[PDB]
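Alright, here's a single protein chain in two forms, structure 1 and structure 2, each given by itself as structure tokens.
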Structure 1
């Protein structure tokens, strides 16, 4: 079953039926004001901090996704009413036709019902901290129609906790006041004239309004049947205390075929509402704002475009996965329909990894997040697991430290400089979170040295998940994954030091890497099963062996052994063959197998998790891309693509009855074979899977990699591919890459010509604005 389709021409996902088994969401905003909106217009907005500056409310994890940003239409001759979004009124789908088009930073809602055509486009314009509701109403009937429009948003008390609890305080913390076409919401305890005021305005001069939620909705009614909408007029309520809303109403008389256009604006700050309601009265200003949003992504998408034999890959890489990846980098991981309170700010390992994905499209935000992470690192070398970047924008101990967080930052910083050429970044002085300062280069060495220190007696990095927090504590237990990650970070740093001429560091870290490789190859390989173990308990018992009954094969250790470059080709192929044989499924690769069924605290919390769920036997998406990278390094492009196709949401567009979640977004995890809901995808949007998937496909399958001295093209594709084409923008120059595979191999470059001239090695960075033809022949 399917509920929509991909519109490649307009870069939108079209939902043709609104009764989807779950809310399919989209993100509005590219700067500070953000809105998480569903195909049923359910959702909320926040400014900068989802935890402390929520703008409109949200009652999560319920059968309905309310409240939202709704527009109710009413036929004043009959009293009939409906919403432009299907919910909350939920007019019969046998009577009304709904369509939702989720685009990049905008969502279009459409409803055709009983002679009235209505469209509503929600988007956050660049340059403003507000959301525009561009509404168009057309009378498609043969008679004069009188239609009233009502907006609705329930204003938040700003702190999520204040919306969820402590109402003894929050119910008396705000008030509403009215001025022509503007409901002004005052957070009374927040004296900042900007952050302490919200508003809902209309470009039309209202006939009525409501600032009190209980008056608009009415007693024993909810968003599905507001009293104001039913009776055809608001109560013109506005007062201090209790729950507030932003409802503006206007009646329109439409001749047959006549259409009208107007807008509502939800925003923050005194003075902005009166200004924008006037500004957008000239619809040309709305169109101009929308055009800027289209341009924003056109510019980004154009920096990497691919044309290959795989339509699913092309569709996702050329738009959706880039979009999801950058969304993570810009908005972080704590504002969705799943993350709705508590954790806020930046997760160290999450953003460190996310930031490696789109420096080619958004270098400024990538640099910002990297600086945030460097500022969130302590002198010891590790990073604060969870912190608010605003804290350090001009601290926990080793017990709460997660052994891998800081290491992910190394490859990411190296990639950022490779991409932008900002080599001076390494000399920039950045303060440590716990006092003092050091250059970016030294921050990096502090991270590498930390992991070299925190190892066991056999030379393996400490790290094991004891509690329910996905954190590799240092309280006992060694992790194969951390050692492999350390090796990878070391290889990256070695290349850097070599490029910078830091001979002393080259020797130091080459030696360190050498010791890591020897220790891993000696202690982590299981020659009975033919794979790498997950690690060892604090008592020295190997976890992930061929002799154990549960948790024998682990995805993370085996994929990273190869991705890092530590594993030999021989062990790499066998380990990945075990991954394929024991972990592959039509929905993607399982994290481990068999699932754990016996609680064992020496192994970790994973033994206390349901089978086929989360860390215990589920298809955890994040590590899947690592398997693709591993396969490309082994030269098995067909194997890599088998894995890619299985996880690609695009290919599951017509199995929603099983997947449930959005077919345009990667999710945190899919229920594994051991759970009765095997196949159901959970937690779309804010997952590191998107950044890694984008990175894996662009840099390893398609094989396009920026470097310190040149651009490399070394693809690993399915042998049956006749070739493919990529448009890559790097350091201000364009590279039109054409890959030819006449001998039908998977990997191996026979020749590369730059502008008609054969070259050997990487492509040197060309002049600013230059357009270069690059022909790569595999063989």
Structure 2
């Protein structure tokens, strides 16, 4: 069963029926003002901080996703009314036809009902901290129709906690005032003229308005049947205290076939409302703004485009996965329909990993996040697990420290410089979160030295509070995953030092890496099962062995052993074969197996989690891409693609009854085989799976990698692929790559020609604006 389809031509996902089993959301905004909106227009907006600057309210985890950004239409001749989005009015689907087009940074809502065609495009224009609601109403009947339009948003008290509780204070913390076509919402306790004011304006001159939620909705009514909409007029309410809303009403008389256009604007700051409502009265300004949003993503998408035998891969890499990955880098991980309060700011390991995915498309935001992370690192070398970057924009103890956080930053920084060529970045001085400063280069060394110090007697990195798996708390225990990550980070750093001619560091860290490898190969391999263990308890008991009854095979350790380059080809293939045989499912790779069923605090909280859920036996998406990378390094392209196809949301477009979540977005986890809902996907959008999936496909399957001295092309694809093509923009130059596979192998470059001339190895960075033809023949 499906509810829509991918429109490759317009780069939109079209939802043909609104009764989806869950809200399918999209993100509006590319700067500071953001909106998480569903296909039913449910959702909310916030400015910069979702926790402290929420703009409109949201009642989460309920059967309906309300409130939202709604437009109610009413036939003033009959009194009949409906919303442009299906919900909240929910007009019968046998009577009204609804369509939703989720695009990159914009969503189009359409409704055709009883002779009236209506469209509403919600998008946050660049350069403004506001959301435009571009509305078009057309009379498609053969008679004169009189239609009234009503807007609605419930203004937030700005602090999420103030919306959820402490109403003894928040109910008297704001007020509304009205001026022609503008409802001004004042957060009375926020003296800032910008941040302390929100508004809902209309390009038309209103017939009526409502600033009080209780008056617009009415007694014992809700968003589904507002009193104002039912009676055909607002009550012109505006006062201080209680709950406020932004409702502007206008009646229109439409001749047969006639159409009108106007806009509503939800925004922040005094003065802006009056300005923008006037600015957008000229619809050409709305079109220009929308055109800038299209350009924004056209520019980004064009920097890496692929044409291959796999339509699913092409569709996702060329738009959707890039979009999801950059959304994570820009908006972080704490504003969705699942993350709705509490945690805010940046998760260290989350953004550290996300930032490695799109430096080719958004180098500026990537650099900004990397700098945030560097500022969020302490002298000791570890990172603050969760912090607000604004705190350090010109501290927890070792007990709350997570052992992997800081290590992910290393490969990410190296990638950023490789991509942009900003080698001077390594010399920039950045202050530590706990005082003092050091160069970016020294920040990196502080991180690597920390992991070398915090190891067990066997030489394996301590899990501390928790490693990648938040539910793996070994403290004094040891994590295979961290040691493998450390090796990967070291290999990346060695190449850097080598490139910078830092001979001493090359020796130091090459030696450090040597010790990590020997320690891992000596203690972490289980030669009975043929794979790498997950780690060891603080008491020295190995976790993840062939003899245990629970949690024998682990995805993170086995995939990272290969991805990091630590494991030999032999152990790599066998470990990954164990992953395929025991963890693979049509929905993706399980995190471990069998699931844990006996609580054991020596292993961690994972033993106290439901089987097939979250970290305990579920298909945790994040690590799946590591498996793809591992397979490319082993030269098994067919295996890699089998893993990719199984997790690719695109291929599950017609099994929504089982998946439930968005077919255009990766999710945090899918219920594993041990849970009765096996197959149901949970938490779309803000998951590092997107950044990693993008990175894995572009850099390892398609094999295009930017480097300190050149561009590398070394693919690992399915043996039956005749070839593929990629357009890659790197450092201001374009590389038109064509890969040919006449002998039908999976990996191995026979030859590479640059502009008709044969070359050996890396493609040297070409002149600015140059277009280069690169032919790669596998063999």
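Only residues modelled in both forms are compared. Residue numbers count along the first chain shown, from 1. Each form is matched to the other, and the largest set of C-alpha atoms that superpose within 1.5 Å is called the rigid core.
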At a threshold of 2 angstroms on the CA positions, core aligned, which residue out of 328, 472, 513, 254 shifts between structure 1 and structure 2?
472
Residue 46: how big is its Cα shift between structure 1 and structure 2, in Å, with the core superposed?
0.0
Given a rigid core superposition, which stretches of at least 3 residues have all Cα atoms displaced by 2 Å or more between structure 1 and structure 2?
464 to 469, 471 to 475
